[PDB]
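[1] Opening piece of the complex, as it sits:
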Amino acid sequence: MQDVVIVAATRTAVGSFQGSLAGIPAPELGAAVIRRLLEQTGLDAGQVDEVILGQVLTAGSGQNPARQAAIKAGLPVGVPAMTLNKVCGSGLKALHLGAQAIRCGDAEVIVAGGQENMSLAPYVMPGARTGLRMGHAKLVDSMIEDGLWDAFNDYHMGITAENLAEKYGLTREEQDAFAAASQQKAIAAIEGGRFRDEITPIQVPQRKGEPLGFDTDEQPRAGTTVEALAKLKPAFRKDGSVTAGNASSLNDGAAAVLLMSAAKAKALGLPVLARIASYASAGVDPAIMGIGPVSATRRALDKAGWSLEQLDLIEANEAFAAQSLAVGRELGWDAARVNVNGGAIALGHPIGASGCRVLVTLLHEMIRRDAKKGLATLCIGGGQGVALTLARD
Amino acid sequence: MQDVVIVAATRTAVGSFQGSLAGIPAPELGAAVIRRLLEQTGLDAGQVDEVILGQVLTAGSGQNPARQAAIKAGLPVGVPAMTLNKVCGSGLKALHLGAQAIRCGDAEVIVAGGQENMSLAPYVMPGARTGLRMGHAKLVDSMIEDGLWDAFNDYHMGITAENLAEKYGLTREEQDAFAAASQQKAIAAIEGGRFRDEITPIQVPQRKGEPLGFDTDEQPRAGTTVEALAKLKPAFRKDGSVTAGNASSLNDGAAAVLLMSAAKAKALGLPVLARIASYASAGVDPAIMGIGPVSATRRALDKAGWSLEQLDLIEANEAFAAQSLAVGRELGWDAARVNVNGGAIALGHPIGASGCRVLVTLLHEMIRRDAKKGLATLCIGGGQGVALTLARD
Amino acid sequence: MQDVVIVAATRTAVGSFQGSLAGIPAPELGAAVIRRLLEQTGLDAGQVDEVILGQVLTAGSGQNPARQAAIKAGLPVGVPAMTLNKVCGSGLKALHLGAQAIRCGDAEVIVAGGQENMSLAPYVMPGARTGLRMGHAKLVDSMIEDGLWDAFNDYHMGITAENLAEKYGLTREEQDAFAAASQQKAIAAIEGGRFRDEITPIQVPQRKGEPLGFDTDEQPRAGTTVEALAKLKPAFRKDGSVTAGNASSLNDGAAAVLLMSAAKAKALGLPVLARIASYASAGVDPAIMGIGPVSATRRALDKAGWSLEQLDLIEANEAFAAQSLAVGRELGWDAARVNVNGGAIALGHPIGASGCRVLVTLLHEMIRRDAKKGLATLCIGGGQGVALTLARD
């Protein structure tokens, strides 16, 4: 069996909804991060064994979005590719599948991550194929239906967040305070240059002129305070506490890593950024999907033989302030080690990419701080979680 | 690393386009086959570690089709699930992923396979979200765009078949002969009860009355003859050889297997139906995607330590007669051992399920013949192939 | 000023929803009745001064449906045409506009009537032009929105019928009895050949074979009784009395007359079928639009100098049994003189044509019985009415 290492890790800056990446299909964002990984390592494209990319919103995307990213990146036709959907966890579960293929010797080199363009997710017209017959019909927002709506309880992810606010007695004010601190940390990280190493610029075609470079996360909102956030109306339930300001946003982006066997990295003479110590999935009740990270984290820590207090750094994707605070209540983690450069409330949640986006952020901040142990974890719509651990010597 | 064994294998009958399963969402087809695997083995649903399902056409399907099948089958919320898309190969690649998880010790019990309802694939309206502005616009058939259209060359899978007919000099007459034999063999197998053991009936809700059981493959065309096939118009190109009669059809169905470690099967007292001896993916030129099975097959045989001559029985998915003939010409296999109960020209190509559909059909025929060594292989839109080997003592 | 006469009058048989005329656009139904009027009179097409046709549902119908009917009928490009919309009254109001043009000497010969294909009325997608942005959207049934829904009260025409059932204390049983008698009278008229003279057959193109003649009204339902009708659920309101069986149906058809000055008819040597004695419109509260015929009838009788009891025959379009019984309560007419060959509950309500359809039925039954005075009247969605009187010597 082989040990699995990361030799390159990169992401796009994260675009806002109908923002800077709104014209660029998800597989072109994937292609741009694949090219960068090969540039950073000087790796011949022929050395890649597989491309594994998460993407949730694939209506009208064409055959196999992961194959589109691989071909558009200039990888030869001989490199196989697959797309996966574990909703919000897709981009991290891609690394789990790549690690598995490398551990059992099916591959030595894998590109793994995710890509999502929520801006470009289309409307869908069920029933037009066979006949609507009569009566007004529903033109379905595929982003909501396929990305943000619970298939079992017939309500938004935001109601799952209301459920956790109730269960843990989390107040509006606690949720707003968490949201403001995420904003403050993201703006400080951006201004402090903490995202420069991890970001691949996208050359965005303009209406007129040469392309403009997009290289700076654009979701964070200056001047976010508990006082401004207190004015917002509840977004999902009349007397609710979850708002657009303490929830993650809608976003565009891609993120990927170059996985290898430790043996292959050494044979190529590539420096190792981190080893993968463990990975895990878990399932929970869809009604409280935001708690998925608790069991996923405990399983990953158990598989690595670690205790939570040994983690130097944690990236716990911020689907909703209520969801994040609920995970922190259950795990009893030190919040000062969690999302130290800000989280998805400030930076965005480009669903199928977020799992790899938070992993890339974790890895670069671990290198900066000389951290030895880190965890990436995400909740998943439909009631699941993923977690993955990274180690450095 | 553990042997990976199959302890149960089942599929729906395959429905024709707007046929018997046209009202049943893909995940309900998946739920029905997962329920049957547990019934056949008497396994408690809590013993399942993961559900891995292929499904290509997911526009408006809701969050995580695989998770929807797992929950609807009565698996507990604790069982994680993921959907994958390797287009035509999705349903077989799912067993490769399940094999990897078991070989790494990440799981002991995996449900793997695929599900597709082409009848229900909707229309998509790109640009409606941001504004069509003016001018007539294209309402996109997601079944064609996401399932049947090459993303690189902007033409139908059927043109890839024409490309193979031209390259191998495969005549209209040889393609129609292959298609007639597929029909004759499938009809003989159905009438002979050859598919009874492998089929899970679906109770189809009726507008009026108690549900009707669907348990008989409905795509095969009785009294097909070469003389009748000779009269059809080319389906994809003016002077082409590929027709509706020598191409696969549009279909609905699901298929799944219950994978275990050899150790777990022994501890439960479950008989081993077959061992997975190897599996592989390959990439080829998208323009001739139908040839993907050649290198996928050669890699899977190399990984098993087997020669082609050692295979007793082969299931090679029939995307098009031209594609199936080309693969047979390159590999030089004995056609008498290939698709002995008919293939997809007769039985249908429910894209994301086909990979597991042909594996289920391979396994049941291997048992009746006392075959020791079997191969399942598929071409994949976008220029890929998958192959997997079965061994019996 | 000129006196206005009818020298020819004809209609299609009325098609059921997705019935025999479901493939034939409204202007082709109009063209077929225009051709017949000219055949019946031997009139040179160049003698027509104008074509005035009602059509309500014109979404995607192309420029000026009335001009399409005129050109398709073979009338020269020199004949002007206009389309009008007075909803349910369009096909009778067309005769009012033609009568006005003839009375004041603007024209000597006019084709007037209406045409509707409700089967072909399309779905409409508001907001797609400028952007739906996010959220599920409404795909609008144009037939409901433009034809059957009140623009002021935001409810169906059927609620206006519930309002009249309340106001006049009309029971479910009274409404069902009216519906059954309409069915019985329509079937007796069809079987007795009372519609043969007034109907122009349509040659309906088939999937395979030569066209099939459609010449027999297909909406009437044999075996309609108060006992069968008693089983139906209320169609518009939970504890309501209006059902699909005591309401008019959805239908396809066209109907037109050839109007002339009495002077022009005499100069051409054409026999006069009837003179137009008077015409009128009225407005009422949209909430009780079904009562529109009361004031419209009184104004038309006043303009002709007639009393209601002088009418030998009345065609009062049956939007809903409640609506019809309410009009009869207000006017105190002899019900034995109303809709003697059945009404719209049995024969259908092809909205934009119905006004001329009931006029053509009135005229032919007046000739059969040697009636001297007749009235055609219709209620109109949005709260209006039309009425027109016919005389014979």
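    Yes, it's here. Residues are numbered from 1 along each chain as shown, chains lettered A, B, ... in the order given.

[2] Please count neighbours and contacts with C-alpha atoms only from this point.
    Fine.

[3] Next up, phi/psi of residue A:130, please.
    phi -100, psi -20 (degrees, to the nearest 10).

[4] neighbours around residue A:251, how many?
    Look at residue A:251: counted by other CA atoms under 10 Å in any protein chain shown, it has 27 neighbours.

[5] residues contacting it?
    A:14, A:15, A:16, A:17, A:116, A:117, A:118, A:119, A:348, A:349, A:350, A:351 (CA atoms under 8 Å, 6 or more residues apart in numbering or on different chains).

[6] Can you tell me the SS state at the fifth one?
    Three states are possible here, and by DSSP: H, G, I helix; E, B strand; the rest coil the one that applies to residue A:116 is strand.

[7] ok, it touching residue A:61?
    No. Counting by CA atoms under 8 Å, residue A:116 does not reach residue A:61; the two are 10.8 Å apart.

[8] Can you pick out the residue with more neighbours from these two?
    Higher neighbour count among residue A:116 and residue A:61: residue A:116, with 30 against 20, using other CA under 10 Å.

[9] Bridged to the more buried one, which residues?
    residue A:253 (DSSP bridges).

[10] Tell me the residues of chain A that contact chain C?
    A:134, A:135, A:136, A:137, A:138, A:139, A:140, A:141, A:144 (CA under 8 Å from any CA of the partner chain).

[11] Buried members of the residues you listed into ChimeraX, please.
    In ChimeraX syntax, the buried subset of these is picked out as below (16 or more other CA atoms under 10 Å in any protein chain shown):
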select /A:136,137,138,139,140,141,144
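
[12] Quick check: the farthest pair among the residues of chain A next to chain C?
    A:134 and A:144 (25.0 Å; CA to CA).

[13] mind listing the strands in the stretch 201-350 of chain A by residue range?
    Assigned by DSSP state E, counting those that start in this stretch, the stretch 201-350 of chain A shows strands spanning A:202-204, A:212-214, A:251-261, A:274-283, A:313-316.

[14] Pairing partners for the second one, with directions?
    When pairing is defined by DSSP bridges, strand A:212-214 lines up against strand A:202-204 (antiparallel).

[15] how about the spatially most central residue of chain A, what does it touch?
    With distances taken as CA atoms, centre = their mean, residue A:354 lies nearest the centre of chain A, 0.9 Å away. Residue A:354 sits next to A:88, A:89, A:91, A:92, A:114, A:254, A:255, A:317 when contact means CA under 8 Å, 6+ apart.

[16] In this structure residue A:175 contacts residue A:321, no?
    Yes. Taking contacts as CA under 8 Å, residue A:175 lies within contact range of residue A:321: 5.0 Å.

[17] which one of those two has more residues nearby?
    Comparing residue A:175 with residue A:321 by other CA under 10 Å, the one with more neighbours is residue A:321, at 30 against 25.

[18] how much space between that one and residue A:345?
    Note on residue A:321: its distance to residue A:345, by CA to CA, to the nearest Å, is 8 Å.

[19] Same question for residue A:135.
    The value you get for residue A:135 to residue A:345, if CA to CA is used, is 40 Å.

[20] Can you tell me which of the contacts of residue A:354 has the most neighbours?
    Busiest of the contacts of residue A:354 [other CA under 10 Å] is residue A:114, holding 40 neighbours.

[21] Next, count neighbours for residue A:129.
    So residue A:129, with other CA under 10 Å, has 14 neighbours.

[22] Tell me if I'm right that it and residue B:118 touch.
    No. Counting by CA under 8 Å, residue A:129 does not reach residue B:118; the two are 10.8 Å apart.

[23] Now list whatever residues contact both of residue A:175 and residue A:321.
    Shared contacts of residue A:175 and residue A:321 (CA under 8 Å, 6+ apart): A:242, A:246.

[24] Helices along the stretch 1-150 of chain A, start to end?
    A:26-41, A:65-72, A:90-103, A:142 (DSSP state H, counting those that start in this stretch).

[25] State the phi and psi torsions of the closest residue to chain C within the stretch 151-300 of chain A.
    Residue nearest to chain C within the stretch 151-300 of chain A: residue A:250 (10.5 Å; CA to the nearest CA). Per-residue torsions, residue A:250: phi -100, psi 130 (degrees, to the nearest 10).

[26] next up, chain D:
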Amino acid sequence: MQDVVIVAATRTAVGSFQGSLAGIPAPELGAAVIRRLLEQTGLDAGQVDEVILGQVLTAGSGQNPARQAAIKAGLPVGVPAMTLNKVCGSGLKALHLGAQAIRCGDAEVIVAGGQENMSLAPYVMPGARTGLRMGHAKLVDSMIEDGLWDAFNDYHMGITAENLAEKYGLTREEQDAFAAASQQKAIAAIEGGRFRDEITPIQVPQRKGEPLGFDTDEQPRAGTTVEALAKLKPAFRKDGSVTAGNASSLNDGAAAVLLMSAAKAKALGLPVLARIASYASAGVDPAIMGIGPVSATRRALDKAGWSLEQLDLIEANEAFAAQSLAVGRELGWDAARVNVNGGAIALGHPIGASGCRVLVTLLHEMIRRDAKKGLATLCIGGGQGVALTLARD
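    That brings us to chain D, laid onto the chains above:
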């Protein structure tokens, strides 16, 4: 038979496509002009006998757009209303219908004109009702299909303009000169306050703030020059002369007049702005529909007993410079008396309102010039024309 007089005349400013009126449904534009006519004359709303409004694009507009304008303007439910469609001529034909009703003694007071919101014309999905079956389908721009496309020849109104440019040998340079002059004249009229007396302001709801008044025509393009027009690409045919700069635009607006018998105006003490001396329609070849004004004008002059040389002032709607030049060549009129404040190339062509828009502009200019004899004329898609004459003492 009574003289028909105009006692009030007003129009909205004309909005550009997705400009100031882009959020205001056509019938609300109509309501605003009807309210203004009553305010200007101090007429009680109960004195109106009918509302006759043109509107071409009615897909999803709801029952009877004219009735919606009448009710929203505060006319009592007793006032009947009808919508008409004579495409580009609808807004003028409405006054012809109103004139006829008054000449026959059917009415004493009619509101007549037209209304259009092209910005709000929706997309249509033919075939969704009965089933698209498979294959990419056409989402129809109803503005193009129902407003701008010839139903007989299957090409744009702009090709009818090319047909006239070829037939009359009208150069690109002569078309651009005509277009530049239309722009220069409209801008001079706006800046001079020439349209203040004829315009009813619309209070436009704003996302945030009190409504903003829209009272200034926004289609005209300041600093238009022949040198700038010379650079534009042909809009309809590869080597054509018709461009976006020498064609009318897409627009939103409404216009209406208050018509009375001479007797009724006298009895109310209302001054007569003008008398309608005559009106006419004509039909021509759809391929050269732009020439419709020639025979319509000749018929209207014949009916008034006037020669072309007696006209002081002409409004000839500018569908295209090529179309306007062709009409001028055939009639031989003095261009200095035509569209003296600019026309539709500059001011816009809100299809169903244009007929009344140009009549309102004619009447206000006739008053300032003390013109005695005026003509308004329009070409009509489908091969028609309308013309109407105004007299002042």
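
[27] Check the neighbour count of residue A:129 one more time with chain D there.
    23.

[28] Could you do the one 4 residues further on as well?
    Using other CA under 10 Å, the number of residues around residue A:133 comes to 18.

[29] How about residue A:153?
    Neighbours of residue A:153 (other CA under 10 Å): 12.

[30] wait, what's in contact with residue A:360?
    Residue A:360 touches A:9, A:10, A:11, A:198, A:255, A:256, A:257, counting by CA under 8 Å, 6+ apart.

[31] partners of the first one in the sheet?
    Each beta-bridge partner of residue A:9 is listed here, defined by DSSP bridges: residue A:257.

[32] Look up how far residue A:105 lies from it.
    Distance from residue A:9 to residue A:105, by CA to CA: 22 Å.

[33] okay, these two: which has more neighbours?
    More neighbours surround residue A:9 than the other of residue A:9 and residue A:105, with 30 against 13 (other CA under 10 Å).

[34] In this structure that one contacts residue A:197, no?
    No. The pair residue A:9 / residue A:197 is not scored as a contact, 9.5 Å apart, by CA under 8 Å.

[35] With adjacent residues omitted, what lies nearest to residue A:303?
    residue A:278 (5.9 Å; CA to CA, 6 or more residues apart in numbering or on different chains).

[36] wouldn't that neighbour be in contact with residue A:391 here?
    No. At 9.5 Å, residue A:278 does not count as touching residue A:391 under the criterion of CA under 8 Å.

[37] which residues do the two both contact?
    Joint contacts of residue A:278 and residue A:391 (CA under 8 Å, 6+ apart) do not exist.

[38] what's the spacing between the residue nearest to residue A:84 when sequence neighbours are not counted and residue A:94?
    Closest residue to residue A:84 apart from its sequence neighbours, by CA to CA, 6+ apart: residue B:84 at 4.3 Å. Applying CA to CA, the value for residue B:84 to residue A:94 is 11 Å.

[39] and residue A:215, what is it in contact with?
    Residue A:215 touches A:12, A:13, A:199, A:200, A:201, A:202, counting by CA under 8 Å, 6+ apart.

[40] Pick out the most distant pair among these.
    Farthest-apart pair in the contacts of residue A:215 is A:199 and A:202; separation 9.3 Å (CA to CA).

[41] The two - which one has more neighbours?
    Comparing residue A:199 with residue A:202 by other CA under 10 Å, the one with more neighbours is residue A:199, at 24 against 21.

[42] Touching, that one and residue A:11? I think so.
    Yes. If you go by CA under 8 Å, residue A:199 and residue A:11 touch, sitting 5.1 Å apart.

[43] quick one on the thing from earlier: in which helix or strand does the residue nearest to the centre of chain A reside?
    Counting by DSSP states H and E, the element that carries residue A:354 is helix A:351-369.

[44] in that helix, what's buried?
    A:351-366.

[45] again, but for stretch A:380-393
    For stretch A:380-393, by 16+ other CA under 10 Å, it's A:380-392.

[46] list residues touching both of residue A:199 and residue A:202?
    Common neighbours of residue A:199 and residue A:202, counting by CA under 8 Å, 6+ apart, are A:12, A:215.

[47] what does the stretch 1-150 of chain A have sitting close to chain D?
    A:127, A:128, A:129, A:130, A:131, A:132, A:133, A:134.

[48] can you tell me which two in those are farthest apart?
    Greatest spatial distance among the residues of the stretch 1-150 of chain A next to chain D (CA to CA): A:129 and A:134, at 13.9 Å.

[49] Would you state the helices of the stretch 151-300 of chain A in chain order?
    Under DSSP H, counting those that start in this stretch, the stretch 151-300 of chain A gives helices at A:157-167, A:172-191, A:226-229, A:262-268, A:292-304.

[50] Check the spacing between the residue lying closest to residue A:100 once chain neighbours are set aside and residue A:124 real quick.
    Distances taken as CA to CA, 6+ apart place residue B:100 nearest to residue A:100, at 6.0 Å, with adjacent residues excluded. Residue B:100 sits 35 Å away from residue A:124, going by CA to CA.

[51] Just want to know which of the two has more residues nearby.
    Each of residue B:100 and residue A:124 has its neighbours counted (other CA under 10 Å); residue A:124 has more, 30 against 26.
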